S.K.: 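Here you go, one structure.
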Amino acid sequence: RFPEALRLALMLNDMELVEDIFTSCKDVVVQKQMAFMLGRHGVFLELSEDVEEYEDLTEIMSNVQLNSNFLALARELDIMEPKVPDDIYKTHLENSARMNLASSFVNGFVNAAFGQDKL
Amino acid sequence: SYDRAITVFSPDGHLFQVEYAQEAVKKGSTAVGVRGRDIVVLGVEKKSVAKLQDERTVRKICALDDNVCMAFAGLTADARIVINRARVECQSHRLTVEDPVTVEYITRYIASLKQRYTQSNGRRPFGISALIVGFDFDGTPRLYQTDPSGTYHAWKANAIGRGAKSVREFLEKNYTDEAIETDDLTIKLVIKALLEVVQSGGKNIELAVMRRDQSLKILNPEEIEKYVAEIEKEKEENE
Amino acid sequence: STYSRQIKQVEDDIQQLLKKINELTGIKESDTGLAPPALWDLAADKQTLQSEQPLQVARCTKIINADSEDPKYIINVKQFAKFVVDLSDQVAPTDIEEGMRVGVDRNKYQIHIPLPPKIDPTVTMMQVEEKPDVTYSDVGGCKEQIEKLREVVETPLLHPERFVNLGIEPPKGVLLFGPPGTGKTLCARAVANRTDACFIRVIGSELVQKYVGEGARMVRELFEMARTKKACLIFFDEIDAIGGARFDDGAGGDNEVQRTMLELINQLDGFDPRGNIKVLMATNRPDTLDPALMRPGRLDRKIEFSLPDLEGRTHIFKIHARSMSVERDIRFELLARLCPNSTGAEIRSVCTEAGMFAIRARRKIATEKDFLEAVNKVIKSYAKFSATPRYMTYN
Amino acid sequence: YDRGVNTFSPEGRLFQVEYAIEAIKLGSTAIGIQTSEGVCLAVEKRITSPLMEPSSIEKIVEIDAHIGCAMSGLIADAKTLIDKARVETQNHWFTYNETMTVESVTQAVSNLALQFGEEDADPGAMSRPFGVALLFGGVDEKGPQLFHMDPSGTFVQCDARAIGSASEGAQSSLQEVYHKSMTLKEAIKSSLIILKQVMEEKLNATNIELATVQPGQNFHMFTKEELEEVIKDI
Ligand SMILES: Nc1ncnc2c1ncn2[C@@H]1O[C@H](COP(=O)(O)OP(=O)(O)OP(=O)(O)O)[C@@H](O)[C@H]1O
Ligand SMILES: [Mg+2]
């Protein structure tokens with residue numbers, strides 16, 4: 001049960017055990033899923049070029065495809081439209097340097113990792 | 001003359017008067033018809049059998065002709081009119097064609113009359129469904145069912161009335177070629193189907209058979225009791 | 001079982017510890033409305049009790065000599081009395097107007113603070129504070145109806161800039177009508193869930209009151225408190241309770257309800273502008289509504305929630321059977337074909353009864369046969385009690 | 001209720017006519033196809049019990065030796081229209097020694113629709129529209145011809161028309177699969193394919209009716225063996 005073993009070793013922060021678990025498995029797909037888990041956890045491994053499917057495994061562990069996957073999700077979840085801080089403030093329902101700085105922070109937070117903004 | 005459209009289309013697309021007539025049928029006594037090999041059997045649940053009631057007069061199985069007889073379920077008075085009209089037309093067809101009517105012909109006339117009463121001004125639909133059994137001129141047994149709407153179908157075995165659904169479910173399971181090998185087995189199947197709904201037993205079963213080249217024969221209560229005894233005996237050996 | 005003795009020992013220790021903690025901290029009373037002691041600012045409470053004097057609520061009646069430097073204000077202190085007072089030094093003269101509620105002191109009754117207008121608590125509770133759990137994704141077969149409803153009740157509030165630029169005045173009223181179970185209140189709940197402005201739900205039966213003129217008073221106060229917001233939505237569910245057409249039957253047949261309906265009509269489109277209120281009414285008997293209520297400017301859009309077609313019924317079946325543990329080959333198109341004129345409620349009941357048939361047989365997955373039996377039980381067997389055939393004559 | 005049978009809605013609809021049109025959607029699906037090689041009519045029997053005899057469910061009817069009809073909806077209502085079609089035909093033959101046009105038969109049947117009323121009507125006049133939809137298919141001087149009739153009396157020639165419960169999906173499939181120059185065998189196969197995907201039950205040679213009216217040949221109801229021959233493919 002390689003994926004849960006890798007999770008358990010990550011709970012142990014035993015880098016040697018992470019490497020041993022990753023290179024012990026012979027299944028390429030299981031190694032890809034484990035690479036996804038490692039990339040999410042922020043743990044990276046320097047695989048050997050002799051290891052089969054080194055390229056895609058390294059790309060998965062480096063989260064280089066994270067941006068494209070996130071954008072594909074957002075396109076599927078039809079939320080690609082940028083949001084102005086006014087749509088969050090909703091001042092039309094309410095019966096400065098600091099204000100502008102706060103609004104820039106809101107614009108950054110709301111549209112984080114989307115790549116598009118109206119502002 | 002009263003000219004009012006009693007039967008009109010509901011906005012849903014239904015003829016509500018026809019459905020109410022079918023409900024009146026569903027409030028009637030269970031009548032079961034089984035088409036065997038050389039016999040056709042009609043068994044009607046007698047509802048409640050009062051000891052002061054002249055059982056001859058209250059009969060839900062009536063012979064339309066020498067080769068055709070039907071058992072109804074629904075409003076008795078409407079059924080009497082339908083039976084009388086069918087008998088008159090049977091005699092007219094015998095006069096014209098010089099041949100006894102086929103089961104299809106009398107069934108079609110009854111259904112057409114019912115449909116006419118579901119589409120005529122001032123007339124409510126007949127509140128009876130009929131099970132018409134008989135033999136054609138070639139000796140083929142035939143069983144047909146007509147409903148207040150005016151649609152008729154041929155059935156190997158069928159049931160109408162309050163217990164129609166359960167009896168039809170039972171007949172779908174026990175109507176086989178083996179079960180209709182002999183006349184006795186066919187009558188036993190009819191009695192079993194009636195016993196699925198009849199509570200007391202053979203006392204509330206009026207059974208009448210018709211054999212090829214023979215007239216309708218009403219089974220006496222002792223015969224039905226003997227058949228029920230046979231079924232009860234056969235029940236034990238299957239346990 | 002080996003740990004049971006230690007389990008009970010530590011559990012009793014925990015209970016004793018919790019009681020001991022509650023001994024020092026608080027958590028008691030709760031019948032006299034006492035907050036937990038962690039929120040007790042007792043010094044500030046004493047300072048408020050001393051410095052902050054109580055103020056009796058009165059109503060200003062007339063301002064004498066408003067032009068000069070000595071304006072006298074006639075106030076009507078509720079059931080107490082009537083006085084001629086002057087404003088306190090901390091209130092601007094232009095902040096008090098005739099007919100508005102004020103708050104005055106108990107010694108000289110000088111006006112100390114202008115107050116919001118009085119609103120009936122029953123009217124106040126009519127505004128929605130918890131949005132429903134229904135989105136527009138839960139309404140199937142009503143694409144055009146939902147679009148027409150949204151472009152009146154949601155789009156002008158969300159993006160008003162698209163309307164002011166072209167000199168466009170969007171409709172300010174929508175009447176959802178259709179047979180029962182077709183989704184009028186479902187769409188209203190979806191609107192209330194998606195809306196950001198103040199949403200007020202009014203049931204017509206709530207506008208029926210014991211006394212004469214009280215229903216009109218509730219309508220007036222409802223539109224008064226709806227006008228205290230920049231944008232507002234009022235939902236009138238079952239408007240046929242009070243929206244019936246005016247008639248004269250010799251006696252006083254429905255005179256008071258007709259007066260309530262007339263007050264609602266006057267608020268919708270009368271001498272005074274309505275405001276930014278966008279009303280919304282749902283009824284299964286639109287034929288009974290008054291012609292003046294069914295008029296543009298009061299009910300500008302009339303969205304019909306007719307029974308779903310084949311595609312709409314299939315969409316509703318997909319919506320309600322989404323979380324079902326159905327089989328792999330459920331022919332939902334066939335099921336939609338098997339119930340020609342059926343409301344969405346009947347489709348939901350068909351899904352629920354198919355699940356119930358599967359549960360009764362102790363099965364964790366509902367087959368297509370279960371859905372067929374559900375259609376037979378709901379669409380066919382229950383068709384005697386169907387509200388559809390009678391109610392499409394009314395719509 | 002308060003409304004009469006001959007009442008107009010504010011939208012200009014005859015109320016009882018629309019309500020009878022709604023009755024067809026509860027009927028069984030029928031599909032008619034007209035091709036240069038002939039007219040193919042198909043219908044689903046919709047057997048509700050193994051005990052019911054399929055042969056008694058007659059939903060495709062010989063109007064005349066060159067004309068057949070497939071009915072959907074209230075089958076009992078269709079009997080009067082069928083009888084009037086079969087009596088009106090052979091009356092044209094009686095007076096003119098020729099078979100009627102399919103269009104003429106459909107028009108004569110259409111004239112029966114809307115002949116209902118409450119007051120100022122004959123004792124034999126009907127009280128409600130015929131809650132049935134008819135598909136006439138025949139061969140005449142204009143070759144093969146298929147006409148669709150609905151309870152409003154509006155009859156119209158159709159290249160390929162599907163009526164009944166699955167009229168929408170079957171019509172969409174017919175539009176997808178119909179081309180003007182195709183054989184009668186292709187028409188039969190396509191109609192059977194469309195029926196098979198819309199039946200509640202499983203398609204076999206017992207729960208469907210197939211008939212063909214070809215030029216030269218007469219109206220022909222497909223037997224069980226002929227049905228199994230074409231069903232064995234799909
Ligand atoms: N178009 C629809 N799509 C999905 N579900 C629907 C639809 N219409 C009705 N339903 C379901 O049926 C239920 C019927 O309740 P609903 O509040 O929508 O009825 P209504 O139209 O307001 O009826 P009434 O006129 O009796 O007040 C809904 O709660 C919902 O679950
Ligand atoms: Mg509602």
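Because only heavy atoms are used, hydrogens play no part in the values below, and waters and symmetry mates are left out as well, while side chains stay in. Quick note on labels: first sequence line is chain A, next is B, and so on, each numbered from 1. Whatever order the structure lists them in is the order used to number ligands and atoms, beginning at 1.
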S.K.: Tell me which protein heavy atom sits closest to atom 8 (N) of ligand 1, plus the residue, atom name and distance to 0.1 Å.
M.R.: C/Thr182 O, 3.0 Å

S.K.: Specify whether the nearest protein heavy atom to atom 20 (P) of ligand 1 is under 4.0 angstrom away.
M.R.: yes

S.K.: What protein heavy atom lies closest to atom 10 (N) of ligand 1? Include the residue and the distance to one decimal.
M.R.: C/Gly344 C, 3.8 Å

S.K.: Measuring from atom 11 (C) of ligand 1, which candidate in C/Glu346, C/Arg285, C/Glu238, C/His320 has the nearest non-hydrogen atom?
M.R.: C/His320

S.K.: Would you kindly check if the NZ (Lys) or CZ (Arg) of A/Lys83 is within the cone defined by 45 degrees around the ring axis of A/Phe114 and under 6.0 Å from the six-membered ring centre?
M.R.: no

S.K.: Check whether more than 12 heavy atoms from other residues, nucleotides or ligands sit under 6.0 Å from atom CZ of D/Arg13, and answer yes or no.
M.R.: yes

S.K.: Does a donor on one side chain sit under 3.5 Å from an acceptor on the other, for C/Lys184 and C/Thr182?
M.R.: yes

S.K.: Looking only at the aromatic ring of each residue, does the gap between the centers of B/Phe9 and B/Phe16 stay below 6.0 angstrom?
M.R.: no

S.K.: Evaluate C/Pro180 for polar contact with ligand 1, using N/O atom pairs at a separation under 3.5 Å.
M.R.: no

S.K.: Tell me which one of C/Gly140, C/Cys187, C/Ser137 gets a heavy atom nearest to atom 1 (N) of ligand 1.
M.R.: C/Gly140

S.K.: So, regarding C/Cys142 and ligand 1 (criterion: nitrogen or oxygen to nitrogen or oxygen, under 3.5 Å), is there a contact or not?
M.R.: no

S.K.: Answer yes if the side chains of B/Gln17 and D/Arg128 hold a donor-acceptor pair under 3.5 Å, and no otherwise.
M.R.: no

S.K.: Hey, is C/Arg189 touching ligand 1 through its side chain, its backbone, both or neither, going by heavy atoms under 4.0 Å?
M.R.: neither

S.K.: With heavy atoms under 4.0 Å as the rule, classify the contact between C/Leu186 and ligand 1 as side chain, backbone, both or neither.
M.R.: both

S.K.: Please state which part of C/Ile316 comes within less than 4.0 Å of ligand 1, counting heavy atoms only: side chain, backbone, both or neither.
M.R.: side chain

S.K.: Measuring from the heavy atoms of C/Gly141, does anything fall under 4.0 Å of ligand 1?
M.R.: no

S.K.: Indicate whether any N or O donor in one side chain lies under 3.5 Å from an N or O acceptor in the other, for B/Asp12 and B/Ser10.
M.R.: no

S.K.: Is C/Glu221 salt-bridged to C/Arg217, going by a charged N under 4.0 Å from an acidic O?
M.R.: yes

S.K.: Suppose I only count heavy atoms of C/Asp138 and a 4.0 Å limit; which atoms of ligand 1 are within that range?
M.R.: 3 (N), 4 (C), 5 (N)

S.K.: Between C/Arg246 and C/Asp290, is there a salt bridge with N-O shorter than 4.0 Å?
M.R.: yes

S.K.: For atom 18 (O) of ligand 1, which protein heavy atom lies nearest, and how many Å away is it?
M.R.: C/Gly183 CA, 3.2 Å

S.K.: With heavy-atom distances below 4.0 Å as the criterion, list the atoms of ligand 1 near C/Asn284.
M.R.: 24 (P), 25 (O), 26 (O)

S.K.: Does C/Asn284 put an N, O or S atom under 2.8 Å from the Mg ion (ligand 2)?
M.R.: no

S.K.: With no hydrogens and no angle check, just 3.5 Å: does a side-chain donor-acceptor pair link C/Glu129 and C/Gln127?
M.R.: yes

S.K.: Can a side-chain donor-acceptor contact be found between C/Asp240 and C/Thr288 if the only test is distance below 3.5 angstrom?
M.R.: no

S.K.: What's the shortest distance from atom 17 (O) of ligand 1 to any protein heavy atom, and which residue and atom give it?
M.R.: C/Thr185 CB, 3.2 Å

S.K.: Is there a heavy atom of C/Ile319 sitting under 4.0 angstrom from any atom of ligand 1?
M.R.: no

S.K.: Kindly confirm or rule out an N or O of C/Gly181 lying under 3.5 angstrom from an N or O of ligand 1.
M.R.: yes

S.K.: State whether D/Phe15 and D/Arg3 meet the cation-pi test: NZ (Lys) or CZ (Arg) under 6.0 Å from the six-membered ring centroid, and within 45° of the perpendicular axis.
M.R.: yes

S.K.: Check the side chains of C/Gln267 and C/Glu263 for a donor-acceptor pair under 3.5 angstrom, ignoring hydrogens and angles.
M.R.: yes

S.K.: Within the structure, does C/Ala345 bring an N/O atom to less than 3.5 angstrom of an N/O atom in ligand 1?
M.R.: yes

S.K.: Any nitrogen or oxygen of C/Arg348, main chain or side chain, under 3.5 Å from a nitrogen or oxygen of ligand 1?
M.R.: no

